[PDB]
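A.B. asks: Sequence, then the experimental structure. Questions to follow.
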Amino acid sequence: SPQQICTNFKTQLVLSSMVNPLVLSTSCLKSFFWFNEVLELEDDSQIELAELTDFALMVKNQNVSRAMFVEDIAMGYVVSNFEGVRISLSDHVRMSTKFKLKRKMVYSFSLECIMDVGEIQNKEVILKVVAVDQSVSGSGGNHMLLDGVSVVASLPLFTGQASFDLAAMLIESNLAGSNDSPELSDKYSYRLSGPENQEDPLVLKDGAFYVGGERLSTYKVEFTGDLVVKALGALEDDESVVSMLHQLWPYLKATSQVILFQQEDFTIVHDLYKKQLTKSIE
Amino acid sequence: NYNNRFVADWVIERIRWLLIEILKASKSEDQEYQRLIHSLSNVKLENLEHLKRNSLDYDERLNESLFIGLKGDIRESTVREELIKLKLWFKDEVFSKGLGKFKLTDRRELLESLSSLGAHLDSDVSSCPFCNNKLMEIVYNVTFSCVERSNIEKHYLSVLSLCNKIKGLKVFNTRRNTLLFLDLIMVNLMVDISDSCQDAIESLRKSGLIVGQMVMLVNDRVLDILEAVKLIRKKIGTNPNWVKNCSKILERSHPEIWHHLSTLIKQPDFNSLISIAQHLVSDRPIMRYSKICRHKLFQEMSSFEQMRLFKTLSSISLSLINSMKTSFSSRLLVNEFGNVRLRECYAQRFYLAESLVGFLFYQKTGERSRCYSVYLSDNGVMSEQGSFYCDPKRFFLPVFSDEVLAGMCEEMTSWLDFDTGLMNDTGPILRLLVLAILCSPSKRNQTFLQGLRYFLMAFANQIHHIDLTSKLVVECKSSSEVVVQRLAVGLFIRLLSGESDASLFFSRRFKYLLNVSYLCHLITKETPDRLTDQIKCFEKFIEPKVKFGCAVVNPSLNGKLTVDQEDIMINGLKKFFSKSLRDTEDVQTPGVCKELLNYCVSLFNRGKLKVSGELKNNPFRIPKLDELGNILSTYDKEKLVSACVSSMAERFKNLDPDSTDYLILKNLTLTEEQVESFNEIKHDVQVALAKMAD
Amino acid sequence: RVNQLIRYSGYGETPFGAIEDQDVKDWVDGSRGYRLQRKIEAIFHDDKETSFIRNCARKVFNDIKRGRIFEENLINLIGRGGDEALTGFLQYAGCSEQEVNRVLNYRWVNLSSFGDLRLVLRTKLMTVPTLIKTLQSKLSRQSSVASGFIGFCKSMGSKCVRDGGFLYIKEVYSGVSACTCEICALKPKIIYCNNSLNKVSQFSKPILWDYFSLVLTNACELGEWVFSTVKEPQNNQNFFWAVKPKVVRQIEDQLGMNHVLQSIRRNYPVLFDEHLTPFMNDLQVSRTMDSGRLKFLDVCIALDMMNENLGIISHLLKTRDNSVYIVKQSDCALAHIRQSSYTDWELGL
Amino acid sequence: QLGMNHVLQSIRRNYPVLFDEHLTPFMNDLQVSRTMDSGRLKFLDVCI
RNA sequence: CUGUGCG
Ligand SMILES: [Zn+2]
């Protein structure tokens, strides 16, 4: 029953983090057994918050921690502060267009495209084109650079409706004088070239995201009273039990799923006698 | 196979098939036909029905000498009262007369018998193990002289490695002058080192690797610097170009990989050599060839010196096994009663302490037992430690087992932790016993320990044979077995002197004594002398048959026996089956009575035993014999020399370099016997090439 | 003693070498693979990368026994070498480039990389993986120890290691650079880092790959209980008593004949044709499906192929030969407790 | 998708005799299908 | 064919 396994993975990830902080990379996700998300060939339903990131794990990204906030749509509602540069003959047209794309959430990115056209010089009228190629570069996540490659073809630049302001301007910059569908990436990769990277690792400690030591948000999960107790059993050692039961009630303060009824189930919980832990939080 | 290189390897089988078809179609004797038809097949157990089984007028005499008393149909109750009568007779003719074969233990008298047989009272040896055995004397002296008391050396060892690697290429086709060249390099680098840094010959060399005018060379050979200058004096004037010829030869047709930038071409200045020689006075070794005990009373020794004694023993064993590994094809520069002076002997080094180092000097190389001399060097002063004579092959175990034996000691002693005070007098005794066993490897010691195991088996139990004590005594030689035997019997007595019956903590005592007896496995089992070993093997092989009197002289080797041979053949067969069931004289001679065989066979046939003949799954579904153990056989040597000589004749289609010997190394694959055989076959092939040359 | 004996020959002590020091009563229910794994684990004081590789091997075993659908592609991936195969295992299990350039930092020198140590010893006069030799031996049907060791030392100082070319050992051990970057110092002369072997890199293989291979071997050998972490516990020298092995096998323990032959024919026909079964007339019984595709023999056959120091298949088709072990309560008191919770982590059903 | 050189490896593995004769005399690129061109498909092993 | 070390 996909929902039950979903909440079971949720509780497994919550309680595994309950002992020590960890990063949400493939090292700490794919190393857990539960992992029925690549199962369920009809994968219409998912858990909740992580529904974003695992949507890429079905294609196995080599990422550490992307800033997934598609709830604030980054593909749409994008600033169009775009421009262009001159050319450098090798007819050969070489251009380098740099943009400062942002997102709906708190984010920023700079994306530059290097484009080369091999064309034929015209006699008088316009031009004669043969072949065109482009290459992307610069910062941008799996959604940010997709945004960039989508907007680079949706711009009043050369491609579109003319908008070729020649005016003997770019020739004057090139010749010194003062007289008168490349969408095959769809990934996190910076398109074979980009700036420095590998910083800002997110760590997860108490069900709350910590980008560098700051709390971002915490989600919800139930514990019934049977899954929690049966998951309390051994692991390998005892101070893990100490930490997890010391931190469970603080997480319970953010949840209202008080469904652990009082019966001998409480005693089978109590088997691991830790009274002052469960009375400390209060 | 009948294959060859002249046919298309598909016609010979057809020819054979047609030939056999023709021969089976018609003929024209008896065996010739079958042999010829059997020799043309390809592949073909029991059921040899085609055999003739012909007689030669001798099978009968075998038959009535073997199959006259055999019936195998005797009924059962007759066997019953025959056995009843036999037992009744046996009871009152041989058992009441005291002619039995087994008896009760009577433990005490067994203890006095053991003490009499083991503990020697008529011997003149002293009760002091260290000074009865030479090796233990030497190791005691070393350990009690040791307990109570910088890039020059590494550069020296590196150049030793360089020269010792380059010597193995034998690129000069000569040996004596090659060693002369190496020692010339050695003295040149001596005088190069000693030109400056005056605190190197007296400080980093005396405490490093040198003794009185005795400097190590290549091939673990130590040579006297005096004779070094004396030999360098020659080859000058007679052929002053010699060193020059040694200089251009290391560049062309040479590996040309050397660090001898200047230490080689320099002329040796003899004044520096003689100054170095006169710097050090002569303390030349003696190597004593061919009475008061003050030996520290090992029984009153601390619990520290014994492990260091074992460690020194291990170091000496490693030095001995390193001396094993010295080169065989080595000849000294100058050849050599009761005191022989050493000037060009071989030496090995072993390490004890930060300043003092031990040296083991020996004169011959090879594989077998030799004589060695142990010396020490504390701070450049060379002292006398001793000399001995032994076979290094029997010292492989203690090479590094200086810790496992100790652990064995404390664990075996702690086996007896039930009584406080029994460990104190048994621990050191056991350790001394182990030390003596390791330092004196011989067959006699392990045979004596086996006799102890049998003695323990008889004592701890109740009934034993009457001929037990006679199989426990072994004659003693060299006065080294007496001490180990005394230690063993003393341990046995001390553990079993008093009330030691099977009504107390006796199982662990039995275990401890059994392990003491099994300590015999420490000695390696590899026949100290082999020739005497075939002597004894043949001796005990042929003694019983000569005693019986049926060992005939060389037969025809083809199936014909002379009249005397067959006569004594039948005589031996009759004597084998000429034993009665009443006479007690024949109780140790080989033979058996046909009557009791009839009894047993008849009783077994009629399903009376626990098993019967109701079997299932019916059963009917190039070395030379004259020399065993030799590495090579005469047939093999002849085959190899013939192959080599044929190959060399074929290649001569003159001139032949030493590469012919390479062929010897190609078809052969070395120990001393291996290299002697290789030298012999090299000799043979060389004079073979010589005779074909004429 | 044996470690000193082999070191004296100039070979140099290695992470496997001889039998490990500081062992425990757990010679029972443990083969050569288990003690070698124990030695490797004891090499590292604080087990973090070994624990990570054990989790990787646990995941691989979980998905190779019944999980997902897998196997017979590891046959492809392992045959290349040590580095690429281990990496590929990592992203099949889940890793990062940081793992790739972090785990592969621990390297050890393997002199028998381009083959075997050439040598001639004091043998009797006149006279390819070892697994093939073991199969050949199984299908078919005066020298002194002192002189044997003497010949060993003799042959061990000559041009023995092979490259490309024959050369000595000492230049191999002197080509290493003593960088001492706090990662090649916790176990001297055993493990080195990547930049410490830039001068000579042909004889350089990772050790975590070997540890992973042995972990998978133990998974095929004696169960999945070797995946947990060792925990330590919290007698008159005379209390002897008997122990039975407590091994659980998930490889169809019976393991009759003619099962390895079909697997090696299927996966490596070239190795099956030459160097294998010329002398056989009953090929047909193993030819027409003599129980092909065993529970785990298909995957645990290539690890004995690639690594020449396992000796597992030749170990597999033999009796324990002991079936009982005498021990004292004194040694049982301090024996390490290594029992694993379920790899499902037992919440599954 | 069911690319080429997948049935050939299966028929070689299961029936080497049928693979040897009556099959692939006229082929020079055996190696691509020989060194694990995706052996042991999802169901082609049984439905062959 | 072709050994240099137990500090
Ligand atoms: Zn004395």
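C.D. replies: Great, that's in hand. Numbering: from 1, shown residues only, chains lettered A, B, ... in the order given.
A.B. asks: From now on I want contacts and neighbour counts done on CA atoms only, so please keep to that.
C.D. replies: Noted.
A.B. asks: Kindly list the longest helix within chain B.
C.D. replies: With secondary structure taken from DSSP state H, chain B has its longest helix at helix B:672-693.
A.B. asks: So which elements touch that one?
C.D. replies: In terms of contacts (3 or more Cα pairs under 8 Å, 6 or more residues apart in numbering or on different chains; DSSP states H and E), helix B:672-693 is packed against helix B:634-651, helix B:659-668.
A.B. asks: and the longest one, what other elements does it pack with?
C.D. replies: In this case it means helix B:634-651. Using 3+ Cα pairs under 8 Å, 6+ apart, helix B:634-651 is in contact with helix B:659-668, helix B:672-693.
A.B. asks: Out of these, flag the one nearest residue B:635.
C.D. replies: helix B:672-693 (12.7 Å; Cα to Cα).
A.B. asks: measure the closest residue to chain C within the stretch 51-200 of chain A to residue C:92 for me?
C.D. replies: Of all residues in the stretch 51-200 of chain A, the one sitting closest to chain C is residue A:62 (6.3 Å; Cα to the nearest Cα). Going from residue A:62 to residue C:92 by Cα to Cα, to the nearest Å gives 11 Å.
A.B. asks: The two: which is more packed in?
C.D. replies: Counted by other Cα atoms under 10 Å in any protein chain shown, residue A:62 and residue C:92 do not tie: residue A:62 has more neighbours, with 18 against 14.
A.B. asks: Not counting residues beside it along the chain, what's closest to residue A:117?
C.D. replies: residue A:132 (4.3 Å; Cα to Cα, 6 or more residues apart in numbering or on different chains).
A.B. asks: thinking again about what came up before, including mean neighbour count, could the helices and strands packed on helix B:634-651 go into JSON lines?
C.D. replies: Shown next, in JSON lines, are those (neighbours: other Cα atoms under 10 Å in any protein chain shown):
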{"stretch": "helix B:659-668", "mean neighbour count": "13"}
{"stretch": "helix B:672-693", "mean neighbour count": "14"}
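A.B. asks: Which positions in chain C make contact with the ion?
C.D. replies: With the criterion set to Cα under 5 Å from the ion, chain C never comes near the ion.
A.B. asks: can you give me the strands for chain C?
C.D. replies: For chain C, applying DSSP state E gives strands covering C:107-108, C:161-162, C:166-167, C:205-206, C:240-243, C:325-328.
A.B. asks: The fifth one: partners in the sheet, and parallel or antiparallel?
C.D. replies: The reference is to strand C:240-243. Counting by DSSP bridges, the strands paired with strand C:240-243 are strand C:325-328 (antiparallel).
A.B. asks: Chain B against chain C: which residues are in contact?
C.D. replies: B:321-322, B:324-325, B:393, B:396, B:400-401, B:414-415, B:526, B:629, B:631-632, B:667-671 (Cα under 8 Å from any Cα of the partner chain).
A.B. asks: again with the stretch 51-200 of chain A
C.D. replies: Of all the residues in the stretch 51-200 of chain A, those lying near chain C are A:62-64, going by Cα under 8 Å from any Cα.
A.B. asks: from those residues, which are also near the ion?
C.D. replies: Applying Cα under 5 Å from the ion to those, one finds that nothing falls near the ion.
A.B. asks: Mind telling me which residue is nearest the centre of chain C?
C.D. replies: residue C:310 (3.6 Å; Cα atoms, centre = their mean).
A.B. asks: Can you show me the strands along the stretch 501-650 of chain B?
C.D. replies: With strands called from DSSP state E, counting those that start in this stretch, the stretch 501-650 of chain B shows none.
A.B. asks: got a list of what the residue in it that chain C sits nearest to touches?
C.D. replies: Of all residues in the stretch 501-650 of chain B, residue B:631 sits closest to chain C, at 6.3 Å by Cα to the nearest Cα. Residue B:631 sits next to B:674, C:124-125 when contact means Cα atoms under 8 Å, 6 or more residues apart in numbering or on different chains.
A.B. asks: just residue C:145 next, same as before
C.D. replies: Neighbours of residue C:145 in contact, by Cα under 8 Å, 6+ apart: residue B:396.
A.B. asks: before we move on, what about residue B:416?
C.D. replies: With Cα under 8 Å, 6+ apart, residue B:416 has these contacts: B:422-423, B:508-509.
A.B. asks: re earlier: just the buried ones from the residues of chain B next to chain C?
C.D. replies: With burial judged by 16 or more other Cα atoms under 10 Å in any protein chain shown, the buried subset of the residues of chain B next to chain C is B:321-322, B:324-325, B:393, B:396, B:400-401, B:632, B:670-671.
A.B. asks: any idea how far residue A:253 lies from residue A:281?
C.D. replies: From residue A:253 over to residue A:281 (counting by Cα to Cα), the distance is 10 Å.
A.B. asks: picking that back up, give me the three-state assignment for the residue nearest to residue A:117.
C.D. replies: At residue A:132 the chain is in strand, as set by DSSP: H, G, I helix; E, B strand; the rest coil.
A.B. asks: What is the burial count for it?
C.D. replies: Neighbourhood size, residue A:132 [other Cα under 10 Å]: 14.
A.B. asks: was I right about it contacting residue A:120?
C.D. replies: No - using Cα atoms under 8 Å, residue A:132 makes no contact with residue A:120, being 11.9 Å away.
A.B. asks: Just the strands from the stretch 101-250 of chain A, written as ranges.
C.D. replies: Going by DSSP E, counting those that start in this stretch, the stretch 101-250 of chain A shows strands at A:111-120, A:128-138, A:203-204, A:208-210, A:215-218.
A.B. asks: rewinding a little: can you tell me which of the helices and strands packed on helix B:672-693 is nearest to residue B:463?
C.D. replies: helix B:634-651 (54.7 Å).
A.B. asks: For that closest one, buried residues please.
C.D. replies: Within helix B:634-651, the residues that qualify as buried are B:637, B:640-641, B:644-645, B:648, counting by 16+ other Cα under 10 Å.
A.B. asks: Stretch B:190-207 now?
C.D. replies: B:190-191, B:193, B:200-201, B:204-207.
A.B. asks: Ok, stretch B:395-414 next?
C.D. replies: Burial within stretch B:395-414, assessed by neighbour count using 16+ other Cα under 10 Å, is assigned to B:395-402, B:405-406, B:409, B:412-413.
A.B. asks: what do you get for stretch B:221-237?
C.D. replies: Buried residues in stretch B:221-237, counted by 16+ other Cα under 10 Å: B:221-226, B:228-229, B:232.
A.B. asks: ok, now which ones touch residue 46?
C.D. replies: No chain in the question, so chain A it is. Applying Cα under 8 Å, 6+ apart, the residues near residue A:46 are A:3, A:6, A:37.
A.B. asks: my bad, chain B
C.D. replies: For residue B:46, the contacting residues are residue B:620, by Cα under 8 Å, 6+ apart.
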